[PDB]
Each structure stands twice: as C-alpha cells, then as structure tokens.
file model.pdb (PDB, C-alpha atoms)
MODEL        1
ATOM      1  CA  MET A   1      13.481  -9.907   4.338  1.00  0.00           C
ATOM      2  CA  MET A   2      11.103  -6.958   3.981  1.00  0.00           C
ATOM      3  CA  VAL A   3       7.709  -7.694   2.500  1.00  0.00           C
ATOM      4  CA  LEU A   4       5.253  -4.771   2.087  1.00  0.00           C
ATOM      5  CA  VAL A   5       1.728  -6.045   2.658  1.00  0.00           C
ATOM      6  CA  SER A   6      -1.122  -3.918   1.352  1.00  0.00           C
ATOM      7  CA  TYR A   7      -4.594  -5.001   2.389  1.00  0.00           C
ATOM      8  CA  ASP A   8      -7.572  -3.645   0.430  1.00  0.00           C
ATOM      9  CA  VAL A   9     -10.494  -4.551   2.609  1.00  0.00           C
ATOM     10  CA  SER A  10     -14.067  -4.073   1.505  1.00  0.00           C
ATOM     11  CA  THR A  11     -16.339  -1.441   2.982  1.00  0.00           C
ATOM     12  CA  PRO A  14     -19.428  -6.084   6.102  1.00  0.00           C
ATOM     13  CA  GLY A  15     -17.221  -7.742   8.730  1.00  0.00           C
ATOM     14  CA  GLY A  16     -14.354  -5.893   7.066  1.00  0.00           C
ATOM     15  CA  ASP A  17     -13.378  -4.092  10.266  1.00  0.00           C
ATOM     16  CA  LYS A  18     -13.008  -7.435  12.017  1.00  0.00           C
ATOM     17  CA  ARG A  19     -10.951  -8.895   9.183  1.00  0.00           C
ATOM     18  CA  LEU A  20      -8.579  -5.903   9.212  1.00  0.00           C
ATOM     19  CA  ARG A  21      -8.283  -6.264  12.995  1.00  0.00           C
ATOM     20  CA  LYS A  22      -7.379  -9.966  12.574  1.00  0.00           C
ATOM     21  CA  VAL A  23      -4.851  -9.229   9.845  1.00  0.00           C
ATOM     22  CA  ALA A  24      -3.245  -6.502  11.972  1.00  0.00           C
ATOM     23  CA  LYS A  25      -3.035  -8.861  14.941  1.00  0.00           C
ATOM     24  CA  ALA A  26      -1.451 -11.598  12.823  1.00  0.00           C
ATOM     25  CA  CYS A  27       1.195  -9.084  11.667  1.00  0.00           C
ATOM     26  CA  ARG A  28       1.827  -7.495  15.048  1.00  0.00           C
ATOM     27  CA  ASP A  29       5.002  -9.331  16.100  1.00  0.00           C
ATOM     28  CA  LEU A  30       6.601  -9.394  12.683  1.00  0.00           C
ATOM     29  CA  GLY A  31       6.204  -5.889  11.351  1.00  0.00           C
ATOM     30  CA  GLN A  32       4.935  -2.373  11.632  1.00  0.00           C
ATOM     31  CA  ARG A  33       1.497  -1.089  10.656  1.00  0.00           C
ATOM     32  CA  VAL A  34       2.640   2.020   8.778  1.00  0.00           C
ATOM     33  CA  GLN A  35      -0.767   2.998   7.408  1.00  0.00           C
ATOM     34  CA  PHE A  36      -4.350   1.922   8.197  1.00  0.00           C
ATOM     35  CA  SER A  37      -4.063  -1.125   5.960  1.00  0.00           C
ATOM     36  CA  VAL A  38      -0.374  -1.271   5.102  1.00  0.00           C
ATOM     37  CA  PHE A  39       2.285  -3.287   6.893  1.00  0.00           C
ATOM     38  CA  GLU A  40       6.043  -3.417   6.564  1.00  0.00           C
ATOM     39  CA  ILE A  41       6.762  -7.083   7.435  1.00  0.00           C
ATOM     40  CA  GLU A  42      10.228  -8.299   8.382  1.00  0.00           C
ATOM     41  CA  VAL A  43      10.264 -12.112   8.035  1.00  0.00           C
ATOM     42  CA  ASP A  44      12.649 -14.850   7.117  1.00  0.00           C
ATOM     43  CA  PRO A  45      11.457 -17.192   4.383  1.00  0.00           C
ATOM     44  CA  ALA A  46       9.963 -19.803   6.703  1.00  0.00           C
ATOM     45  CA  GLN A  47       8.167 -17.149   8.765  1.00  0.00           C
ATOM     46  CA  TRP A  48       6.851 -15.584   5.563  1.00  0.00           C
ATOM     47  CA  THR A  49       5.445 -18.955   4.396  1.00  0.00           C
ATOM     48  CA  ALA A  50       3.614 -19.172   7.725  1.00  0.00           C
ATOM     49  CA  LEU A  51       2.349 -15.572   7.807  1.00  0.00           C
ATOM     50  CA  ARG A  52       1.326 -15.566   4.152  1.00  0.00           C
ATOM     51  CA  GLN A  53      -0.862 -18.650   4.681  1.00  0.00           C
ATOM     52  CA  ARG A  54      -2.511 -17.004   7.642  1.00  0.00           C
ATOM     53  CA  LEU A  55      -3.166 -13.810   5.659  1.00  0.00           C
ATOM     54  CA  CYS A  56      -4.747 -15.830   2.855  1.00  0.00           C
ATOM     55  CA  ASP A  57      -7.030 -17.573   5.347  1.00  0.00           C
ATOM     56  CA  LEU A  58      -7.994 -14.380   7.226  1.00  0.00           C
ATOM     57  CA  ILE A  59      -9.207 -12.319   4.233  1.00  0.00           C
ATOM     58  CA  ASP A  60     -12.321 -12.816   2.121  1.00  0.00           C
ATOM     59  CA  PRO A  61     -10.742 -13.222  -1.352  1.00  0.00           C
ATOM     60  CA  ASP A  62     -14.118 -12.602  -2.995  1.00  0.00           C
ATOM     61  CA  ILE A  63     -14.133  -8.943  -1.957  1.00  0.00           C
ATOM     62  CA  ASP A  64     -10.743  -8.177  -0.327  1.00  0.00           C
ATOM     63  CA  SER A  65      -7.288  -8.216  -1.859  1.00  0.00           C
ATOM     64  CA  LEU A  66      -3.729  -8.467  -0.672  1.00  0.00           C
ATOM     65  CA  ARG A  67      -0.685  -7.273  -2.552  1.00  0.00           C
ATOM     66  CA  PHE A  68       2.806  -8.323  -1.452  1.00  0.00           C
ATOM     67  CA  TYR A  69       5.959  -6.411  -2.483  1.00  0.00           C
ATOM     68  CA  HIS A  70       9.535  -7.499  -1.849  1.00  0.00           C
ATOM     69  CA  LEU A  71      11.241  -4.193  -1.068  1.00  0.00           C
ATOM     70  CA  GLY A  72      14.781  -5.527  -0.900  1.00  0.00           C
ATOM     71  CA  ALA A  73      17.799  -4.455   1.028  1.00  0.00           C
ATOM     72  CA  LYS A  74      18.203  -0.868   2.150  1.00  0.00           C
ATOM     73  CA  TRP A  75      14.477  -0.297   1.510  1.00  0.00           C
ATOM     74  CA  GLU A  76      14.482   2.382   4.265  1.00  0.00           C
ATOM     75  CA  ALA A  77      16.274   4.777   1.941  1.00  0.00           C
ATOM     76  CA  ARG A  78      13.620   4.231  -0.708  1.00  0.00           C
ATOM     77  CA  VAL A  79      10.467   5.048   1.275  1.00  0.00           C
ATOM     78  CA  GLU A  80       9.066   8.528   1.925  1.00  0.00           C
ATOM     79  CA  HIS A  81       6.146   9.322   4.264  1.00  0.00           C
ATOM     80  CA  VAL A  82       4.086  12.473   3.798  1.00  0.00           C
ATOM     81  CA  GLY A  83       1.387  13.548   6.244  1.00  0.00           C
ATOM     82  CA  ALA A  84      -0.181  12.150   9.387  1.00  0.00           C
ATOM     83  CA  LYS A  85       1.260   9.317  11.454  1.00  0.00           C
TER      84      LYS A  85
ATOM     85  CA  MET B   1      11.461   3.373 -12.440  1.00  0.00           C
ATOM     86  CA  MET B   2       8.440   2.127 -10.499  1.00  0.00           C
ATOM     87  CA  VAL B   3       7.080   4.107  -7.546  1.00  0.00           C
ATOM     88  CA  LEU B   4       4.415   2.543  -5.400  1.00  0.00           C
ATOM     89  CA  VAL B   5       2.020   5.181  -3.966  1.00  0.00           C
ATOM     90  CA  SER B   6      -0.113   4.208  -0.969  1.00  0.00           C
ATOM     91  CA  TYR B   7      -2.746   6.765   0.030  1.00  0.00           C
ATOM     92  CA  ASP B   8      -4.278   6.447   3.511  1.00  0.00           C
ATOM     93  CA  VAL B   9      -7.214   8.804   3.304  1.00  0.00           C
ATOM     94  CA  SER B  10      -9.234   9.810   6.338  1.00  0.00           C
ATOM     95  CA  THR B  11     -12.716   8.375   6.708  1.00  0.00           C
ATOM     96  CA  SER B  12     -13.729  10.252   9.825  1.00  0.00           C
ATOM     97  CA  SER B  13     -13.415  13.589   7.985  1.00  0.00           C
ATOM     98  CA  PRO B  14     -15.342  14.978   4.942  1.00  0.00           C
ATOM     99  CA  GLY B  15     -13.999  15.322   1.406  1.00  0.00           C
ATOM    100  CA  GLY B  16     -11.902  12.174   1.588  1.00  0.00           C
ATOM    101  CA  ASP B  17     -13.792  10.698  -1.350  1.00  0.00           C
ATOM    102  CA  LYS B  18     -13.021  13.798  -3.417  1.00  0.00           C
ATOM    103  CA  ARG B  19      -9.336  13.844  -2.404  1.00  0.00           C
ATOM    104  CA  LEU B  20      -8.923  10.177  -3.333  1.00  0.00           C
ATOM    105  CA  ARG B  21     -10.666  10.892  -6.665  1.00  0.00           C
ATOM    106  CA  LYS B  22      -8.231  13.727  -7.391  1.00  0.00           C
ATOM    107  CA  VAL B  23      -5.217  11.638  -6.408  1.00  0.00           C
ATOM    108  CA  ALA B  24      -6.378   8.796  -8.633  1.00  0.00           C
ATOM    109  CA  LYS B  25      -6.921  11.230 -11.518  1.00  0.00           C
ATOM    110  CA  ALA B  26      -3.395  12.604 -11.051  1.00  0.00           C
ATOM    111  CA  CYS B  27      -1.981   9.038 -11.209  1.00  0.00           C
ATOM    112  CA  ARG B  28      -4.151   7.945 -14.131  1.00  0.00           C
ATOM    113  CA  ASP B  29      -1.800   8.633 -17.052  1.00  0.00           C
ATOM    114  CA  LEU B  30       1.446   7.294 -15.612  1.00  0.00           C
ATOM    115  CA  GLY B  31       0.275   4.405 -13.543  1.00  0.00           C
ATOM    116  CA  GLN B  32      -2.161   1.743 -12.609  1.00  0.00           C
ATOM    117  CA  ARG B  33      -4.618   1.743  -9.725  1.00  0.00           C
ATOM    118  CA  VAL B  34      -3.897  -1.722  -8.361  1.00  0.00           C
ATOM    119  CA  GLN B  35      -5.992  -1.420  -5.206  1.00  0.00           C
ATOM    120  CA  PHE B  36      -8.599   1.082  -3.949  1.00  0.00           C
ATOM    121  CA  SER B  37      -5.928   3.453  -2.678  1.00  0.00           C
ATOM    122  CA  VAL B  38      -2.687   2.027  -4.082  1.00  0.00           C
ATOM    123  CA  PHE B  39      -1.057   3.003  -7.367  1.00  0.00           C
ATOM    124  CA  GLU B  40       1.860   1.573  -9.294  1.00  0.00           C
ATOM    125  CA  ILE B  41       3.470   4.536 -11.136  1.00  0.00           C
ATOM    126  CA  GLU B  42       5.944   3.962 -14.004  1.00  0.00           C
ATOM    127  CA  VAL B  43       7.969   7.190 -14.219  1.00  0.00           C
ATOM    128  CA  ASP B  44      11.323   8.721 -15.040  1.00  0.00           C
ATOM    129  CA  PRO B  45      12.802  10.907 -12.300  1.00  0.00           C
ATOM    130  CA  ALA B  46      11.430  14.240 -13.634  1.00  0.00           C
ATOM    131  CA  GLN B  47       7.917  12.796 -14.057  1.00  0.00           C
ATOM    132  CA  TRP B  48       8.140  11.456 -10.548  1.00  0.00           C
ATOM    133  CA  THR B  49       9.177  14.864  -9.183  1.00  0.00           C
ATOM    134  CA  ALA B  50       6.220  16.507 -10.893  1.00  0.00           C
ATOM    135  CA  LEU B  51       3.680  13.892  -9.830  1.00  0.00           C
ATOM    136  CA  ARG B  52       4.953  13.822  -6.239  1.00  0.00           C
ATOM    137  CA  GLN B  53       4.396  17.573  -5.882  1.00  0.00           C
ATOM    138  CA  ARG B  54       0.804  17.262  -7.099  1.00  0.00           C
ATOM    139  CA  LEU B  55       0.046  14.359  -4.780  1.00  0.00           C
ATOM    140  CA  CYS B  56       1.494  16.230  -1.775  1.00  0.00           C
ATOM    141  CA  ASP B  57      -0.604  19.287  -2.697  1.00  0.00           C
ATOM    142  CA  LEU B  58      -3.834  17.314  -3.173  1.00  0.00           C
ATOM    143  CA  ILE B  59      -3.983  15.533   0.211  1.00  0.00           C
ATOM    144  CA  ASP B  60      -4.777  16.960   3.617  1.00  0.00           C
ATOM    145  CA  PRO B  61      -1.551  16.103   5.474  1.00  0.00           C
ATOM    146  CA  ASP B  62      -3.271  16.766   8.811  1.00  0.00           C
ATOM    147  CA  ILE B  63      -5.560  13.768   8.381  1.00  0.00           C
ATOM    148  CA  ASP B  64      -4.220  11.813   5.341  1.00  0.00           C
ATOM    149  CA  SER B  65      -0.898  10.155   4.605  1.00  0.00           C
ATOM    150  CA  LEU B  66       1.018   9.153   1.502  1.00  0.00           C
ATOM    151  CA  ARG B  67       3.785   6.610   1.427  1.00  0.00           C
ATOM    152  CA  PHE B  68       6.014   6.451  -1.651  1.00  0.00           C
ATOM    153  CA  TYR B  69       8.135   3.350  -2.228  1.00  0.00           C
ATOM    154  CA  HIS B  70      10.823   3.435  -4.923  1.00  0.00           C
ATOM    155  CA  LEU B  71      10.774  -0.137  -6.160  1.00  0.00           C
ATOM    156  CA  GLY B  72      13.428   0.144  -8.808  1.00  0.00           C
ATOM    157  CA  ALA B  73      11.981  -1.951 -11.659  1.00  0.00           C
ATOM    158  CA  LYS B  74       8.672  -3.748 -10.927  1.00  0.00           C
ATOM    159  CA  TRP B  75      10.132  -7.236 -11.581  1.00  0.00           C
ATOM    160  CA  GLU B  76      12.538  -6.724  -8.667  1.00  0.00           C
ATOM    161  CA  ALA B  77       9.629  -6.551  -6.244  1.00  0.00           C
ATOM    162  CA  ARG B  78       8.301 -10.051  -7.130  1.00  0.00           C
ATOM    163  CA  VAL B  79       4.768  -8.757  -6.676  1.00  0.00           C
ATOM    164  CA  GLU B  80       1.945 -11.167  -5.713  1.00  0.00           C
ATOM    165  CA  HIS B  81      -1.802 -10.407  -5.732  1.00  0.00           C
ATOM    166  CA  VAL B  82      -4.236 -12.505  -3.666  1.00  0.00           C
ATOM    167  CA  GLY B  83      -8.008 -12.114  -3.919  1.00  0.00           C
ATOM    168  CA  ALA B  84     -10.299  -9.775  -5.776  1.00  0.00           C
ATOM    169  CA  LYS B  85      -9.427  -7.616  -8.770  1.00  0.00           C
ATOM    170  CA  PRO B  86     -12.008  -4.778  -8.832  1.00  0.00           C
TER     171      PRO B  86
ENDMDL
END

call {"tool": "encode", "arguments": {"input": "model.pdb", "output": "structure tokens"}}
result
Amino acid sequence: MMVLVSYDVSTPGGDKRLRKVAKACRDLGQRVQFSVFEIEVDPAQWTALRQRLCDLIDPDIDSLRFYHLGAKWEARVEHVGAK
Amino acid sequence: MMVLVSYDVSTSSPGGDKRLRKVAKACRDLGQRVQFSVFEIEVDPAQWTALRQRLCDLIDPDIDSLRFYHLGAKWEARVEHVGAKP
C-alpha cells in the first residue's frame, strides 16, 4: 500500500533527524520532496516503519503526517517545478 | 474533494519566506495549513483549477516544487498526525 509521509522538522539537530528518517525510508519508498516520502509497504512493514519514524523524530517540535493514497494514486499526483 | 498541497521551498535562495507566505495566503480561505509547508484544501473542481493556477504562478519552479495529491474525500486517506501541532 502507498502511504505518503510528510515530515515537518524543526529549524537544532533537525538536519540529523531528517537524515535518519530519510535513511529509514530509503528501501521502502521514494523521497519526492525534501521532507516528503511516497512509501510502498505492506501492513506488517508499515507497522515496523511507522514505529521507527515515531522513535526517530522529536514529537515536541517535529510532526509527521501519514496519508493513505490508495490504489492508482499515480494518476492523482501532479508535480510542478524542480526535481 | 480534498487536494493535499506540499510546497518544497528553497532555503538556499532568497525570497523563499515571502513565497511560502504568499502560497499560504492563497490557501487560507479554502484549506488548512496542517504543517509548515503542507495544506489540506477542500475544493470543488473549478475552485481547484483557480487555486492551482495561482500556486503555480507564485512559486519559483526553478528552485521550488509543488506536489498536488487528489485525495478524494479526506476520510478515505485515513490521515494520522504524530507529534507537534504548531
């Protein structure tokens, strides 16, 4: 399943946390913007990755939002600008 | 319909703060700023067409990007928020 992961990381140690989040996502998705990831995971993998993401961020100052994009999500996404 | 707008604005170039401010202002009446640079827009198709044009015009596509996700209805996306709510 496709889960869109949007990471709003604070601007102290934030750069490291974004690096760690990107690394944790590397095998299971694509980093489509600086802090946005299109994650393709089955439910068990998502349980695992989600836990890691929760542990890697600082929930006091960062946030994560997760969106289930559904099937045929590729026809429902438009990119404008730099890649 | 819900459209999720993700704005990746350059930090290495000047005016990014202003461009993000203008994008947020354009999204203010039809949506919610759910993260620093992410907006949930609740729009009919004509409103979306109009807003999309403004957002495209407001960014610098050489150094910024926008991604627009058509979510259908918000409930279909089973959205979860973890962490801070500034």

call {"tool": "resolve_selection", "arguments": {"input": "model.pdb", "expression": "the PyMOL selection byres ((chain A and resi 6-20) around 7)", "output": "list in words"}}
result
residues 4, 5, 21, 22, 23, 24, 37, 38, 39, 58, 59, 63, 64, 65, 66, 67 and 68 of chain A; 35 and 36 of chain B

call {"tool": "residues_around", "arguments": {"input": "model.pdb", "residues": "residue 58 of chain B", "least_positions_apart": "5", "cutoff": "12 Å", "atoms": "all atoms listed in the file", "output": "number ranges by chain"}}
result
A: 82-83; B: 7, 9, 15-16, 18-27, 51-53, 64-66

call {"tool": "resolve_selection", "arguments": {"input": "model.pdb", "expression": "the PyMOL selection byres ((chain B) within 9 of (chain A))", "output": "NGL selection string"}}
result
:B and (6-9 or 34-38 or 56 or 59-71 or 76-86)

call {"tool": "axis_aligned_box", "arguments": {"input": "model.pdb", "around": "segment 15-22 of chain A", "padding_each_side": "4 Å", "output": "AutoDock Vina command-line options"}}
result
--center_x -12.3 --center_y -7.0 --center_z 10.0 --size_x 17.8 --size_y 13.9 --size_z 13.9

call {"tool": "atom_distance", "arguments": {"input": "model.pdb", "atom1": "atom CA of residue 54 of chain A", "atom2": "atom CA of residue 29 of chain A"}}
result
13.7 Å

call {"tool": "atom_distance", "arguments": {"input": "model.pdb", "atom1": "atom CA of residue 2 of chain B", "atom2": "atom CA of residue 72 of chain B"}}
result
5.6 Å

call {"tool": "residues_around", "arguments": {"input": "model.pdb", "residues": "residue 1 of chain A", "least_positions_apart": "6", "cutoff": "8 Å", "atoms": "all atoms listed in the file", "output": "list in words"}}
result
residues 41, 42, 43, 44, 45, 70, 72 and 73 of chain A

call {"tool": "resolve_selection", "arguments": {"input": "model.pdb", "expression": "the PyMOL selection byres ((chain B and resi 39-43) around 6)", "output": "PyMOL selection string"}}
result
chain B and resi 1-5+30-34+38+44+47-48

call {"tool": "atom_distance", "arguments": {"input": "model.pdb", "atom1": "atom CA of residue 28 of chain A", "atom2": "atom CA of residue 74 of chain A"}}
result
21.9 Å
